[PDB]
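Next comes my_file.cif, a file with mmCIF, C-alpha atoms and all ligand atoms.
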```
data_final
#
loop_
_atom_site.group_PDB
_atom_site.id
_atom_site.type_symbol
_atom_site.label_atom_id
_atom_site.label_comp_id
_atom_site.auth_asym_id
_atom_site.auth_seq_id
_atom_site.Cartn_x
_atom_site.Cartn_y
_atom_site.Cartn_z
ATOM 1 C CA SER A 2 -18.031 -18.745 8.741
ATOM 2 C CA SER A 3 -17.568 -20.707 5.480
ATOM 3 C CA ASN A 4 -17.494 -17.347 3.711
ATOM 4 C CA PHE A 5 -13.859 -17.258 4.858
ATOM 5 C CA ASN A 6 -10.643 -19.174 4.361
ATOM 6 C CA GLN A 7 -8.631 -20.369 7.343
ATOM 7 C CA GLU A 8 -4.962 -19.424 6.930
ATOM 8 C CA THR A 9 -2.072 -20.114 9.300
ATOM 9 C CA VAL A 10 0.314 -17.390 10.433
ATOM 10 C CA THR A 11 3.777 -18.379 9.185
ATOM 11 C CA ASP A 12 5.902 -15.315 9.989
ATOM 12 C CA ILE A 13 5.582 -12.229 12.192
ATOM 13 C CA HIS A 14 7.802 -9.146 12.252
ATOM 14 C CA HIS A 15 7.012 -6.149 14.439
ATOM 15 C CA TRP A 16 8.441 -2.830 13.267
ATOM 16 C CA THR A 17 7.462 -0.453 16.082
ATOM 17 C CA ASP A 18 5.018 -0.563 18.990
ATOM 18 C CA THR A 19 2.320 0.555 16.509
ATOM 19 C CA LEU A 20 3.256 -1.206 13.241
ATOM 20 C CA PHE A 21 3.815 -4.899 12.534
ATOM 21 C CA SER A 22 3.641 -7.293 9.586
ATOM 22 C CA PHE A 23 2.654 -10.952 9.428
ATOM 23 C CA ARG A 24 2.558 -13.467 6.589
ATOM 24 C CA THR A 25 0.113 -16.359 6.246
ATOM 25 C CA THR A 26 -0.664 -19.217 3.919
ATOM 26 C CA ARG A 27 -2.793 -18.654 0.825
ATOM 27 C CA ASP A 28 -5.710 -20.811 -0.209
ATOM 28 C CA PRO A 29 -5.351 -22.393 -3.675
ATOM 29 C CA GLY A 30 -8.765 -20.942 -4.488
ATOM 30 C CA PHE A 31 -7.829 -17.395 -3.410
ATOM 31 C CA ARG A 32 -7.285 -15.104 -6.409
ATOM 32 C CA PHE A 33 -6.877 -11.324 -6.254
ATOM 33 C CA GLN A 34 -5.697 -8.361 -8.314
ATOM 34 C CA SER A 35 -2.921 -6.039 -7.154
ATOM 35 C CA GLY A 36 -4.251 -3.171 -5.049
ATOM 36 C CA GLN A 37 -7.381 -4.913 -3.768
ATOM 37 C CA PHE A 38 -8.376 -5.486 -0.155
ATOM 38 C CA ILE A 39 -10.293 -8.149 1.769
ATOM 39 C CA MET A 40 -11.928 -8.548 5.173
ATOM 40 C CA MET A 41 -9.291 -10.069 7.476
ATOM 41 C CA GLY A 42 -9.621 -10.979 11.135
ATOM 42 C CA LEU A 43 -10.043 -13.591 13.863
ATOM 43 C CA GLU A 44 -12.669 -16.176 14.823
ATOM 44 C CA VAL A 45 -14.074 -14.972 18.163
ATOM 45 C CA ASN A 46 -16.968 -16.747 19.932
ATOM 46 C CA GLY A 47 -17.630 -18.405 16.577
ATOM 47 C CA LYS A 48 -18.267 -15.016 14.945
ATOM 48 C CA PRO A 49 -16.052 -13.140 12.463
ATOM 49 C CA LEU A 50 -14.172 -10.234 14.030
ATOM 50 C CA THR A 51 -12.627 -8.689 10.908
ATOM 51 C CA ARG A 52 -11.579 -5.323 9.487
ATOM 52 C CA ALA A 53 -10.594 -4.149 6.025
ATOM 53 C CA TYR A 54 -7.005 -4.989 5.063
ATOM 54 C CA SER A 55 -5.063 -4.392 1.869
ATOM 55 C CA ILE A 56 -3.390 -7.481 0.436
ATOM 56 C CA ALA A 57 0.319 -6.663 0.769
ATOM 57 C CA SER A 58 1.737 -9.854 -0.759
ATOM 58 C CA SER A 59 2.316 -10.299 -4.478
ATOM 59 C CA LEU A 60 -0.115 -12.335 -6.561
ATOM 60 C CA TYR A 61 2.878 -14.491 -7.580
ATOM 61 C CA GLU A 62 3.468 -15.570 -3.965
ATOM 62 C CA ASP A 63 2.353 -18.794 -2.279
ATOM 63 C CA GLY A 64 1.012 -16.906 0.718
ATOM 64 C CA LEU A 65 -0.589 -13.725 2.007
ATOM 65 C CA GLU A 66 0.970 -10.758 3.805
ATOM 66 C CA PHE A 67 -0.591 -7.970 5.879
ATOM 67 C CA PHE A 68 0.937 -4.659 7.046
ATOM 68 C CA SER A 69 -1.071 -3.815 10.146
ATOM 69 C CA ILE A 70 -1.593 -1.047 12.685
ATOM 70 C CA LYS A 71 -1.413 -1.765 16.419
ATOM 71 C CA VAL A 72 -4.042 0.235 18.307
ATOM 72 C CA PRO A 73 -4.275 -0.185 22.110
ATOM 73 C CA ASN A 74 -8.069 -0.348 22.525
ATOM 74 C CA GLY A 75 -8.792 -1.493 18.971
ATOM 75 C CA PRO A 76 -11.223 -4.421 18.816
ATOM 76 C CA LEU A 77 -9.122 -6.295 16.227
ATOM 77 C CA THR A 78 -5.505 -5.115 16.415
ATOM 78 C CA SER A 79 -5.316 -5.485 20.207
ATOM 79 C CA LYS A 80 -5.761 -9.244 19.798
ATOM 80 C CA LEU A 81 -4.000 -9.319 16.418
ATOM 81 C CA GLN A 82 -0.737 -7.839 17.743
ATOM 82 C CA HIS A 83 -0.390 -10.972 19.908
ATOM 83 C CA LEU A 84 -0.401 -13.318 16.914
ATOM 84 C CA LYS A 85 2.286 -16.003 16.921
ATOM 85 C CA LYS A 86 3.499 -18.656 14.500
ATOM 86 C CA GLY A 87 0.807 -21.288 14.027
ATOM 87 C CA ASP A 88 -2.176 -19.070 14.837
ATOM 88 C CA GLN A 89 -5.331 -19.009 12.729
ATOM 89 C CA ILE A 90 -6.922 -16.010 11.018
ATOM 90 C CA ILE A 91 -9.893 -15.636 8.677
ATOM 91 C CA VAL A 92 -9.748 -13.961 5.258
ATOM 92 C CA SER A 93 -12.802 -13.161 3.161
ATOM 93 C CA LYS A 94 -13.100 -14.749 -0.269
ATOM 94 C CA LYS A 95 -14.365 -11.779 -2.354
ATOM 95 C CA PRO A 96 -11.657 -9.169 -3.023
ATOM 96 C CA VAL A 97 -12.663 -5.578 -3.725
ATOM 97 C CA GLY A 98 -10.965 -2.224 -4.177
ATOM 98 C CA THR A 99 -10.406 0.818 -6.364
ATOM 99 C CA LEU A 100 -6.600 0.625 -6.701
ATOM 100 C CA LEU A 101 -6.793 -1.188 -10.047
ATOM 101 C CA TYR A 102 -4.723 -0.453 -13.157
ATOM 102 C CA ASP A 103 -7.871 -0.676 -15.290
ATOM 103 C CA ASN A 104 -9.453 2.272 -13.448
ATOM 104 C CA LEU A 105 -6.554 4.378 -14.820
ATOM 105 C CA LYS A 106 -5.903 5.520 -18.366
ATOM 106 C CA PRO A 107 -2.732 4.299 -20.118
ATOM 107 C CA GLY A 108 0.236 6.457 -19.199
ATOM 108 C CA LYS A 109 4.002 6.809 -18.959
ATOM 109 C CA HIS A 110 4.258 7.300 -15.166
ATOM 110 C CA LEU A 111 2.510 5.852 -12.113
ATOM 111 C CA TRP A 112 2.828 7.701 -8.800
ATOM 112 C CA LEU A 113 2.038 5.526 -5.756
ATOM 113 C CA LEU A 114 1.499 8.038 -2.935
ATOM 114 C CA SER A 115 1.093 6.581 0.546
ATOM 115 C CA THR A 116 1.313 7.448 4.219
ATOM 116 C CA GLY A 117 1.618 5.005 7.100
ATOM 117 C CA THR A 118 -0.081 1.696 6.389
ATOM 118 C CA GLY A 119 -1.278 2.994 3.001
ATOM 119 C CA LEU A 120 1.968 1.528 1.653
ATOM 120 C CA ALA A 121 0.308 -1.895 1.949
ATOM 121 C CA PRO A 122 -1.677 -2.040 -1.339
ATOM 122 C CA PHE A 123 1.414 -0.739 -3.170
ATOM 123 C CA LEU A 124 3.553 -3.550 -1.730
ATOM 124 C CA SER A 125 1.461 -5.861 -3.915
ATOM 125 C CA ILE A 126 1.532 -3.537 -6.935
ATOM 126 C CA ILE A 127 5.310 -2.997 -7.061
ATOM 127 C CA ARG A 128 5.750 -6.789 -6.878
ATOM 128 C CA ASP A 129 3.576 -7.374 -9.974
ATOM 129 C CA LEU A 130 4.799 -7.973 -13.524
ATOM 130 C CA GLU A 131 1.989 -6.045 -15.225
ATOM 131 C CA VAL A 132 2.607 -2.621 -13.631
ATOM 132 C CA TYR A 133 6.068 -2.569 -15.235
ATOM 133 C CA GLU A 134 4.605 -3.627 -18.594
ATOM 134 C CA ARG A 135 2.144 -0.694 -18.494
ATOM 135 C CA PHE A 136 4.204 2.166 -16.990
ATOM 136 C CA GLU A 137 7.755 3.219 -17.848
ATOM 137 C CA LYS A 138 8.412 4.539 -14.321
ATOM 138 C CA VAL A 139 6.869 3.527 -10.993
ATOM 139 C CA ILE A 140 7.499 6.091 -8.255
ATOM 140 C CA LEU A 141 6.754 4.836 -4.734
ATOM 141 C CA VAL A 142 6.500 7.598 -2.112
ATOM 142 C CA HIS A 143 6.029 6.702 1.567
ATOM 143 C CA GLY A 144 5.278 9.363 4.175
ATOM 144 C CA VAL A 145 5.816 8.599 7.861
ATOM 145 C CA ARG A 146 6.346 10.523 11.089
ATOM 146 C CA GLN A 147 9.436 8.632 12.310
ATOM 147 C CA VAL A 148 12.270 6.788 10.584
ATOM 148 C CA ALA A 149 11.308 3.557 12.379
ATOM 149 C CA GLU A 150 7.897 3.813 10.664
ATOM 150 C CA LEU A 151 9.559 3.133 7.267
ATOM 151 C CA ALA A 152 8.568 -0.519 7.181
ATOM 152 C CA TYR A 153 10.139 -2.557 4.364
ATOM 153 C CA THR A 154 12.640 0.243 3.707
ATOM 154 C CA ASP A 155 15.565 -2.164 3.272
ATOM 155 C CA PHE A 156 13.547 -4.777 1.352
ATOM 156 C CA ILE A 157 12.513 -2.217 -1.278
ATOM 157 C CA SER A 158 15.996 -0.793 -1.820
ATOM 158 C CA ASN A 159 18.366 -3.708 -1.196
ATOM 159 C CA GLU A 160 16.468 -6.993 -1.684
ATOM 160 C CA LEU A 161 13.652 -6.240 -4.175
ATOM 161 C CA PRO A 162 16.092 -5.222 -6.975
ATOM 162 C CA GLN A 163 17.734 -8.649 -6.507
ATOM 163 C CA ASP A 164 14.511 -10.547 -7.284
ATOM 164 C CA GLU A 165 15.195 -13.334 -9.780
ATOM 165 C CA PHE A 166 11.754 -12.889 -11.391
ATOM 166 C CA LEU A 167 11.305 -9.108 -11.090
ATOM 167 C CA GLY A 168 14.646 -7.512 -10.200
ATOM 168 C CA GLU A 169 15.862 -5.964 -13.457
ATOM 169 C CA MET A 170 12.489 -4.238 -13.893
ATOM 170 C CA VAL A 171 12.741 -2.860 -10.347
ATOM 171 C CA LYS A 172 16.294 -1.605 -10.903
ATOM 172 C CA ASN A 173 15.257 0.219 -14.083
ATOM 173 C CA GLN A 174 11.666 1.305 -13.390
ATOM 174 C CA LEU A 175 10.953 1.444 -9.636
ATOM 175 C CA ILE A 176 11.795 4.702 -7.853
ATOM 176 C CA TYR A 177 11.467 4.616 -4.058
ATOM 177 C CA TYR A 178 10.981 7.919 -2.201
ATOM 178 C CA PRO A 179 10.692 7.737 1.592
ATOM 179 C CA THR A 180 10.011 10.930 3.518
ATOM 180 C CA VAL A 181 9.888 11.579 7.267
ATOM 181 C CA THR A 182 8.310 14.545 9.078
ATOM 182 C CA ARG A 183 9.167 14.479 12.796
ATOM 183 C CA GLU A 184 12.698 13.015 12.825
ATOM 184 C CA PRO A 185 15.890 14.005 10.980
ATOM 185 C CA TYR A 186 16.191 12.110 7.708
ATOM 186 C CA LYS A 187 17.597 12.627 4.228
ATOM 187 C CA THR A 188 14.131 13.713 3.051
ATOM 188 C CA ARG A 189 11.828 15.779 5.263
ATOM 189 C CA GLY A 190 8.279 17.126 5.295
ATOM 190 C CA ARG A 191 4.851 16.004 4.159
ATOM 191 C CA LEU A 192 4.444 14.525 0.696
ATOM 192 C CA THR A 193 1.801 17.184 0.038
ATOM 193 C CA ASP A 194 4.354 19.891 0.869
ATOM 194 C CA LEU A 195 6.828 18.131 -1.438
ATOM 195 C CA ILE A 196 4.343 18.304 -4.320
ATOM 196 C CA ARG A 197 3.664 21.979 -3.547
ATOM 197 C CA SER A 198 7.283 23.131 -3.257
ATOM 198 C CA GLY A 199 8.155 21.115 -6.372
ATOM 199 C CA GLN A 200 10.839 19.200 -4.466
ATOM 200 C CA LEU A 201 9.192 15.839 -5.229
ATOM 201 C CA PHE A 202 9.860 16.377 -8.938
ATOM 202 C CA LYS A 203 13.388 17.673 -8.311
ATOM 203 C CA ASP A 204 14.291 14.619 -6.225
ATOM 204 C CA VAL A 205 12.939 11.857 -8.504
ATOM 205 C CA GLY A 206 14.225 13.401 -11.744
ATOM 206 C CA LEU A 207 10.836 13.570 -13.489
ATOM 207 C CA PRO A 208 8.817 16.641 -14.532
ATOM 208 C CA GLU A 209 5.672 17.966 -12.872
ATOM 209 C CA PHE A 210 2.297 16.248 -13.131
ATOM 210 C CA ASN A 211 0.696 16.617 -16.558
ATOM 211 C CA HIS A 212 -2.543 15.202 -17.937
ATOM 212 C CA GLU A 213 -0.848 13.046 -20.588
ATOM 213 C CA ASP A 214 1.938 11.178 -18.795
ATOM 214 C CA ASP A 215 1.278 11.012 -15.038
ATOM 215 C CA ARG A 216 -1.192 8.638 -13.390
ATOM 216 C CA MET A 217 -1.494 8.494 -9.604
ATOM 217 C CA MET A 218 -2.679 6.163 -6.847
ATOM 218 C CA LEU A 219 -3.405 7.614 -3.393
ATOM 219 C CA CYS A 220 -3.752 5.551 -0.216
ATOM 220 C CA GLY A 221 -3.291 7.189 3.157
ATOM 221 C CA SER A 222 -4.751 9.187 6.006
ATOM 222 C CA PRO A 223 -7.958 11.231 5.600
ATOM 223 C CA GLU A 224 -6.055 14.529 5.897
ATOM 224 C CA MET A 225 -3.544 13.482 3.213
ATOM 225 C CA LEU A 226 -6.223 12.210 0.809
ATOM 226 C CA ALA A 227 -8.489 15.280 0.893
ATOM 227 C CA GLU A 228 -5.470 17.582 0.639
ATOM 228 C CA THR A 229 -3.861 15.754 -2.299
ATOM 229 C CA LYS A 230 -7.231 15.234 -4.006
ATOM 230 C CA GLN A 231 -7.610 19.030 -4.039
ATOM 231 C CA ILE A 232 -4.058 19.384 -5.394
ATOM 232 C CA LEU A 233 -4.745 16.973 -8.252
ATOM 233 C CA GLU A 234 -8.272 18.095 -9.176
ATOM 234 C CA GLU A 235 -7.417 21.820 -9.228
ATOM 235 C CA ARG A 236 -4.678 20.961 -11.757
ATOM 236 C CA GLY A 237 -7.183 19.275 -14.090
ATOM 237 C CA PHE A 238 -6.853 15.585 -13.165
ATOM 238 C CA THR A 239 -10.013 13.499 -12.819
ATOM 239 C CA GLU A 240 -10.755 10.530 -10.561
ATOM 240 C CA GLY A 241 -11.190 7.216 -12.345
ATOM 241 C CA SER A 242 -13.463 4.293 -11.591
ATOM 242 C CA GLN A 243 -14.439 0.914 -13.015
ATOM 243 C CA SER A 244 -16.973 2.464 -15.412
ATOM 244 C CA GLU A 245 -14.827 5.471 -16.433
ATOM 245 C CA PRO A 246 -11.009 5.401 -16.199
ATOM 246 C CA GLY A 247 -9.170 8.570 -15.226
ATOM 247 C CA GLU A 248 -5.835 9.831 -13.952
ATOM 248 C CA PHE A 249 -5.987 9.042 -10.223
ATOM 249 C CA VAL A 250 -7.793 6.655 -7.888
ATOM 250 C CA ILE A 251 -7.963 6.900 -4.104
ATOM 251 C CA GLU A 252 -8.397 4.443 -1.264
ATOM 252 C CA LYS A 253 -8.746 5.068 2.458
ATOM 253 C CA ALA A 254 -5.914 3.635 4.529
ATOM 254 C CA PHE A 255 -8.318 3.997 7.460
ATOM 255 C CA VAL A 256 -11.426 5.870 8.585
ATOM 256 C CA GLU A 257 -11.518 7.785 11.863
ATOM 257 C CA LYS A 258 -13.912 6.158 14.330
HETATM 258 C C1 LIG B 301 -10.014 -0.180 2.234
HETATM 259 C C2 LIG B 301 -9.293 -0.269 3.554
HETATM 260 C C3 LIG B 301 -8.063 -0.917 3.622
HETATM 261 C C4 LIG B 301 -7.370 -1.017 4.829
HETATM 262 N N1 LIG B 301 -6.147 -1.673 4.851
HETATM 263 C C5 LIG B 301 -5.515 -1.755 5.993
HETATM 264 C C6 LIG B 301 -4.236 -2.440 6.020
HETATM 265 O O1 LIG B 301 -3.671 -2.962 5.063
HETATM 266 N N2 LIG B 301 -3.648 -2.473 7.267
HETATM 267 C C7 LIG B 301 -4.168 -1.928 8.429
HETATM 268 O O2 LIG B 301 -3.522 -2.037 9.475
HETATM 269 N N3 LIG B 301 -5.371 -1.286 8.395
HETATM 270 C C8 LIG B 301 -6.003 -1.210 7.232
HETATM 271 N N4 LIG B 301 -7.209 -0.558 7.189
HETATM 272 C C9 LIG B 301 -7.752 -0.009 8.434
HETATM 273 C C10 LIG B 301 -8.483 -1.059 9.264
HETATM 274 O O3 LIG B 301 -9.851 -0.697 9.452
HETATM 275 C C11 LIG B 301 -7.805 -1.184 10.627
HETATM 276 O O4 LIG B 301 -7.180 -2.457 10.734
HETATM 277 C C12 LIG B 301 -8.769 -1.020 11.798
HETATM 278 O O5 LIG B 301 -9.494 0.203 11.660
HETATM 279 C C13 LIG B 301 -8.058 -1.097 13.131
HETATM 280 O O6 LIG B 301 -8.502 -2.279 13.828
HETATM 281 P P1 LIG B 301 -9.270 -2.179 15.199
HETATM 282 O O7 LIG B 301 -10.614 -2.807 15.141
HETATM 283 O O8 LIG B 301 -8.304 -2.748 16.242
HETATM 284 O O9 LIG B 301 -9.406 -0.611 15.456
HETATM 285 P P2 LIG B 301 -10.626 0.334 15.084
HETATM 286 O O10 LIG B 301 -11.654 0.285 16.152
HETATM 287 O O11 LIG B 301 -11.126 -0.047 13.684
HETATM 288 O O12 LIG B 301 -9.940 1.756 15.030
HETATM 289 C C14 LIG B 301 -9.192 2.268 16.154
HETATM 290 C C15 LIG B 301 -8.479 3.543 15.772
HETATM 291 O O13 LIG B 301 -7.318 3.232 14.968
HETATM 292 C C16 LIG B 301 -7.269 4.088 13.850
HETATM 293 N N5 LIG B 301 -6.644 3.364 12.744
HETATM 294 C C17 LIG B 301 -7.161 2.289 12.075
HETATM 295 N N6 LIG B 301 -6.390 1.832 11.117
HETATM 296 C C18 LIG B 301 -5.287 2.668 11.159
HETATM 297 C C19 LIG B 301 -4.103 2.714 10.395
HETATM 298 N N7 LIG B 301 -3.826 1.864 9.402
HETATM 299 N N8 LIG B 301 -3.201 3.677 10.695
HETATM 300 C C20 LIG B 301 -3.473 4.528 11.688
HETATM 301 N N9 LIG B 301 -4.552 4.580 12.474
HETATM 302 C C21 LIG B 301 -5.426 3.620 12.156
HETATM 303 C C22 LIG B 301 -8.713 4.502 13.574
HETATM 304 O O14 LIG B 301 -8.740 5.779 12.948
HETATM 305 C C23 LIG B 301 -9.308 4.560 14.986
HETATM 306 O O15 LIG B 301 -9.206 5.859 15.559
HETATM 307 C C24 LIG B 301 -7.930 -0.450 5.983
HETATM 308 C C25 LIG B 301 -9.157 0.196 5.922
HETATM 309 C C26 LIG B 301 -9.847 0.296 4.718
HETATM 310 C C27 LIG B 301 -11.174 1.004 4.686
#
```
Would you mind giving the structure from this file in structure tokens?
Amino acid sequence: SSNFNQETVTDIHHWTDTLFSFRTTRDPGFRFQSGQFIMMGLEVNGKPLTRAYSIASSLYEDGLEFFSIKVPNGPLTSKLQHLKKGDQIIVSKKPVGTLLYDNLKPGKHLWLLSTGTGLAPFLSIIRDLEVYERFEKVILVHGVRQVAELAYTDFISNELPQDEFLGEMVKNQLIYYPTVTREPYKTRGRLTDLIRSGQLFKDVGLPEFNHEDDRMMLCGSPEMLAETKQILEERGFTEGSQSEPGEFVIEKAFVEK
């Protein structure tokens, strides 16, 4: 240890039997940029049992928040699902990640495309002042299999526009687009199918991707990333990085083990 900060679990909310969210304290010395991730976990036998976790809380918040998977035989999330108020976790002290504004060229639009727990880095980004100073529109798209998997669906639409520090920017600039595949819902299908059929652009009121105006952030499943990366690169969009900004950056929501 001592490369970690000890934080106390303050709140827990389970969404389904596979998806929960818990908030913790935040160390005064802990500083991070929106879209980054850290190594988060538990102290087991005096050794760090951690996995990669996007930071889902805003930088303006006095605390940290994590949007987590619950896997039955998973080394971390089998113990982590049984967290309670007062429990201790460890968080690494060196943030890292590709989902940075500076890896993207200046633009008029920012498309945050996520499936499942890939919403988590964008929960930090949409609750940041600077994204709304740099992009005219922020379109958040969240793809899930079931309606119950739409974590934070009421906080984004009902409570986030009411924010006394960020609300008017959310009302005017944030577009939220939830889609569900395997249950009846107002929107249906994969987000990749929605980009193909052109329905994504019909539903949000904005024109198709073009190399001048649209910048994109992708965080989701391996199938969704490779598929959408082919969509974007065959259209002429290039992948940015710290040393060479571009139009889209990508981050793995998980890796199949
Ligand atoms: C950059 C990065 C950021 C990440 N951010 C988050 C985050 O914010 N929240 C989070 O819950 N996980 C996140 N992950 C995934 C993280 O590794 C999982 O917490 C971890 O794999 C599951 O813990 P485990 O040890 O119990 O299971 P593991 O032994 O690591 O994996 C068990 C199984 O669960 C699957 N799995 C893992 N994570 C997910 C997921 N999110 N959705 C669906 N299936 C999954 C794996 O494919 C595997 O088959 C991130 C991964 C990376 C690389």
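Computed from the coordinates, the atom CA of residue 208 of chain A to atom CA of residue 126 of chain A distance equals 22.8 Å.
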Using all atoms listed in the file, which residues have at least one atom no more than 7 Å from ligand LIG 301 (chain B)? Output them as a tab-separated table (two decimals) with C-alpha atoms, in the frame of the given file.
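As written to disk, part_2.tsv reads:
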```tsv
chain	number	residue	atom	x	y	z
A	38	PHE	CA	-8.38	-5.49	-0.16
A	52	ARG	CA	-11.58	-5.32	9.49
A	53	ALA	CA	-10.59	-4.15	6.02
A	54	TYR	CA	-7.00	-4.99	5.06
A	55	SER	CA	-5.06	-4.39	1.87
A	56	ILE	CA	-3.39	-7.48	0.44
A	57	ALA	CA	0.32	-6.66	0.77
A	67	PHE	CA	-0.59	-7.97	5.88
A	68	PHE	CA	0.94	-4.66	7.05
A	69	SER	CA	-1.07	-3.82	10.15
A	70	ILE	CA	-1.59	-1.05	12.68
A	71	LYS	CA	-1.41	-1.76	16.42
A	72	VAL	CA	-4.04	0.24	18.31
A	74	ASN	CA	-8.07	-0.35	22.52
A	75	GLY	CA	-8.79	-1.49	18.97
A	76	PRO	CA	-11.22	-4.42	18.82
A	77	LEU	CA	-9.12	-6.30	16.23
A	78	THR	CA	-5.50	-5.12	16.42
A	79	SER	CA	-5.32	-5.48	20.21
A	98	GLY	CA	-10.96	-2.22	-4.18
A	117	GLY	CA	1.62	5.00	7.10
A	118	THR	CA	-0.08	1.70	6.39
A	119	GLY	CA	-1.28	2.99	3.00
A	121	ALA	CA	0.31	-1.90	1.95
A	122	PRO	CA	-1.68	-2.04	-1.34
A	252	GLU	CA	-8.40	4.44	-1.26
A	253	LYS	CA	-8.75	5.07	2.46
A	254	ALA	CA	-5.91	3.64	4.53
A	255	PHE	CA	-8.32	4.00	7.46
A	256	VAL	CA	-11.43	5.87	8.59
A	257	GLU	CA	-11.52	7.78	11.86
A	258	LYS	CA	-13.91	6.16	14.33
```
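With distances taken over all atoms listed in the file, A:32 is the one residue among A:80, A:32, A:230, A:135 lying closest to residue 96 of chain A.
Distances from A:36, A:127, A:157, A:204 to residue 103 of chain A were compared using all atoms listed in the file, and the smallest one belongs to A:36.
If only C-alpha atoms are the atoms counted, then among A:236, A:85, A:146, A:110 the closest residue to residue 22 of chain A is A:85.
Reported to one decimal place, the separation of atom CA of residue 195 of chain A from atom CA of residue 228 of chain A is 12.5 Å.
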Exercise: residue 23 of chain A partners within 9 Å, all atoms listed in the file, chain neighbours under 6 positions left out, as a VMD selection string | chain A and resid 10 to 15 65 to 69 84
Selection under test: the PyMOL selection byres (((chain A and resi 139) around 8) and not hetatm); residues as a PyMOL selection string = chain A and resi 110-113+127+132-133+136-138+140-141+174-176
Using only C-alpha atoms, find each residue of segment 120-233 of chain A with at least one atom at most 10 Å away from an atom of segment 244-249 of chain A; report its shortest atom-to-atom pair and that distance in Å (one decimal), sort the rows by chain and rising residue number, and return the result as a Markdown table.
```
| residue | atom | partner | partner_atom | distance |
| --- | --- | --- | --- | --- |
| A:211 | CA | A:248 | CA | 9.8 |
| A:212 | CA | A:248 | CA | 7.5 |
| A:213 | CA | A:248 | CA | 8.9 |
| A:214 | CA | A:248 | CA | 9.3 |
| A:215 | CA | A:248 | CA | 7.3 |
| A:216 | CA | A:248 | CA | 4.8 |
| A:217 | CA | A:249 | CA | 4.6 |
| A:218 | CA | A:249 | CA | 5.5 |
| A:219 | CA | A:249 | CA | 7.4 |
| A:230 | CA | A:249 | CA | 8.9 |
| A:233 | CA | A:249 | CA | 8.3 |
```
Take segment 184-198 of chain A, model N, CA and C atoms, and hand the result over as a PDB file, keeping the file's coordinate frame.
```pdb
ATOM      1  N   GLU A 184      11.355  13.426  12.447  1.00  0.00           N
ATOM      2  CA  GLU A 184      12.698  13.015  12.825  1.00  0.00           C
ATOM      3  C   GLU A 184      13.654  13.393  11.708  1.00  0.00           C
ATOM      4  N   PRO A 185      14.925  13.643  12.029  1.00  0.00           N
ATOM      5  CA  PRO A 185      15.890  14.005  10.980  1.00  0.00           C
ATOM      6  C   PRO A 185      16.131  12.837  10.032  1.00  0.00           C
ATOM      7  N   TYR A 186      16.072  13.129   8.738  1.00  0.00           N
ATOM      8  CA  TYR A 186      16.191  12.110   7.708  1.00  0.00           C
ATOM      9  C   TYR A 186      16.651  12.814   6.442  1.00  0.00           C
ATOM     10  N   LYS A 187      17.106  12.025   5.465  1.00  0.00           N
ATOM     11  CA  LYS A 187      17.597  12.627   4.228  1.00  0.00           C
ATOM     12  C   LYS A 187      16.516  13.463   3.555  1.00  0.00           C
ATOM     13  N   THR A 188      15.283  12.966   3.536  1.00  0.00           N
ATOM     14  CA  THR A 188      14.131  13.713   3.051  1.00  0.00           C
ATOM     15  C   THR A 188      13.238  14.088   4.227  1.00  0.00           C
ATOM     16  N   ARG A 189      12.665  15.287   4.180  1.00  0.00           N
ATOM     17  CA  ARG A 189      11.828  15.779   5.263  1.00  0.00           C
ATOM     18  C   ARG A 189      10.525  16.345   4.711  1.00  0.00           C
ATOM     19  N   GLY A 190       9.530  16.452   5.594  1.00  0.00           N
ATOM     20  CA  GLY A 190       8.279  17.126   5.295  1.00  0.00           C
ATOM     21  C   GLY A 190       7.181  16.166   4.883  1.00  0.00           C
ATOM     22  N   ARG A 191       5.989  16.739   4.695  1.00  0.00           N
ATOM     23  CA  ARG A 191       4.851  16.004   4.159  1.00  0.00           C
ATOM     24  C   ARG A 191       4.997  15.817   2.655  1.00  0.00           C
ATOM     25  N   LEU A 192       4.404  14.735   2.140  1.00  0.00           N
ATOM     26  CA  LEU A 192       4.444  14.525   0.696  1.00  0.00           C
ATOM     27  C   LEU A 192       3.611  15.570  -0.029  1.00  0.00           C
ATOM     28  N   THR A 193       2.582  16.105   0.634  1.00  0.00           N
ATOM     29  CA  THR A 193       1.801  17.184   0.038  1.00  0.00           C
ATOM     30  C   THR A 193       2.634  18.454  -0.087  1.00  0.00           C
ATOM     31  N   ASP A 194       3.439  18.758   0.936  1.00  0.00           N
ATOM     32  CA  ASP A 194       4.354  19.891   0.869  1.00  0.00           C
ATOM     33  C   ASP A 194       5.418  19.686  -0.199  1.00  0.00           C
ATOM     34  N   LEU A 195       5.831  18.433  -0.417  1.00  0.00           N
ATOM     35  CA  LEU A 195       6.828  18.131  -1.438  1.00  0.00           C
ATOM     36  C   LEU A 195       6.265  18.316  -2.842  1.00  0.00           C
ATOM     37  N   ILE A 196       4.976  18.029  -3.036  1.00  0.00           N
ATOM     38  CA  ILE A 196       4.343  18.304  -4.320  1.00  0.00           C
ATOM     39  C   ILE A 196       4.189  19.807  -4.523  1.00  0.00           C
ATOM     40  N   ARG A 197       3.831  20.530  -3.459  1.00  0.00           N
ATOM     41  CA  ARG A 197       3.664  21.979  -3.547  1.00  0.00           C
ATOM     42  C   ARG A 197       4.979  22.677  -3.873  1.00  0.00           C
ATOM     43  N   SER A 198       6.006  22.460  -3.048  1.00  0.00           N
ATOM     44  CA  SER A 198       7.283  23.131  -3.257  1.00  0.00           C
ATOM     45  C   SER A 198       7.986  22.689  -4.533  1.00  0.00           C
TER      46      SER A 198
END
```
